[PDB]
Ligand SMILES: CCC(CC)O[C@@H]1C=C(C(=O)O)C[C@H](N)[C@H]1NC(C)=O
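For reference, the chain that follows is the form solved without this ligand, supplied as structure tokens.
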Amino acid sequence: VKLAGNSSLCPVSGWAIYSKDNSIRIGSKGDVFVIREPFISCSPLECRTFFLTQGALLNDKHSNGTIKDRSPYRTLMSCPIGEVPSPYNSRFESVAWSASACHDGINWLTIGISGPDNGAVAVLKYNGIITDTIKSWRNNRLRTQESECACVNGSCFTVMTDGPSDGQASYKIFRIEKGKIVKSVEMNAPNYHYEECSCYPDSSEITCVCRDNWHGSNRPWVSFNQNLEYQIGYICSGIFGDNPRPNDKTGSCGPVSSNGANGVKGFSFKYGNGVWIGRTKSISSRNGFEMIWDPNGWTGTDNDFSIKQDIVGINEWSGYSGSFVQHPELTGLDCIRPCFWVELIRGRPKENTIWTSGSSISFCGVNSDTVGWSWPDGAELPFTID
């Protein structure tokens, strides 16, 4: 049966570890894909890890990072959560160098973008069958979430960006039913910048927390109903969630220009005026990870926080991170449980290898005892191929 999506988020005091795949450790000898963007999404039966690959395995010559991000070889694929991304346990999903995926309760929806930078096409599959497409409307690198879309009552929702990572781009929200786009709207957001949105349902509404690559070191957000009537803003907290970023001062409800260029895929959970912020430990590099609870960090600008839980050690490698949810139809709970994944990037540019790949850890929000720690990748680099 289709997901209702009408209950609020679960109250969450801590994050319990849910999975760890040890991809790069195992891939040293085993046949494991070189991957990026290991996002998680759940059906009413299971939870899956989606990822992007150049069609190359670790410790092989083809893992040579000479190929561009947006290449003809890049594919979206999925494996069971906690298992390694192997050609022997992965479903092929779509040919894509930018992707999104979500289950409406009946079938899997996957959004795969491929093609040239000046005319990329996003191909929509529902139950493995192509059901719709969209072409680039600004002819400048059509790109999407790199994490799960959000589904409420048989409609799934996503956000796409067309334009520069450098300045003003064009941002669109989409409403999708059974793989077919039934409504879309462009966001009136001058001076804002949206990339790689983490989106989730909450009381029949979707909230996305994204990445400003232009001039924001805090995170932009967009929230909308099913008719795509939206509000936009930035996370006001002085606890800045992007990377790179400055040290924590008083925040802003607009874009924080200080160290605002570049960014990393991220997420955050809104609870009234409060926010659960997932971010790196390092302000300048992709090192460490921590969950921080600010009871007024959504609308307030002060840099005060009450709860902080360690996820990845300051000296260890992290990277991309995204939100994912588990619905009452899967858990049997009365609310929608918030969860998150972290990509643990190893190799270039930070380390002396010829390749780059990411590990995967994930955590679920629970209202019971938890603990801070460090769950890093664990691979000993460089590898045999280097």
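Residues carry their position along the shown sequence, with the first being 1. Shifts are known only where both forms have a C-alpha. The term rigid core refers to the most C-alpha atoms you can superpose between the two forms while keeping them within 1.5 Å.
Beyond the structure shown, there is the form deposited with this ligand bound, which is absent from this document and is the topic of what follows.
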Taking the partner as it appears in the deposited bound form, which of 136-144, 122-130, 232-240, 178-186 has residues with heavy atoms within 4.5 Å of this ligand? 136-144
Can you pick out, from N213, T280, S114, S268, the residue that has a heavy atom within 4.5 Å of this ligand in the deposited bound form? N213
Of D202, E148, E93, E196, which one comes within 4.5 Å of this ligand in the deposited bound form, counting heavy atoms only? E196
Taking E46, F324 and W341 as the candidate spot, are all three within 4.5 angstroms of this ligand in the deposited bound form by heavy atoms? no
Quick one: is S98 in contact with this ligand in the deposited bound form, heavy atoms, 4.5 Å cut-off? yes
According to a 4.5 angstroms non-hydrogen atom cut-off, is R36 in contact with this ligand in the deposited bound form? yes
In the deposited bound form, does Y320 have a heavy atom within 4.5 Å of this ligand? yes
Should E351 be counted as a contact of this ligand in the deposited bound form, where contact means heavy atoms within 4.5 Å? no
Determine the residues of 1-34 with a heavy atom within 4.5 Å of this ligand in the deposited bound form and present them in sequence order; the list may be empty. none
Using a core superposition, identify the member of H62, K29, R348, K68 whose Cα displacement between the shown form and the other one reaches 2 Å or more. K68
Mind listing the moving segments between the shown form and the other one, meaning three or more residues in a row, each Cα shifted 2 angstroms or more, core aligned? 66-68
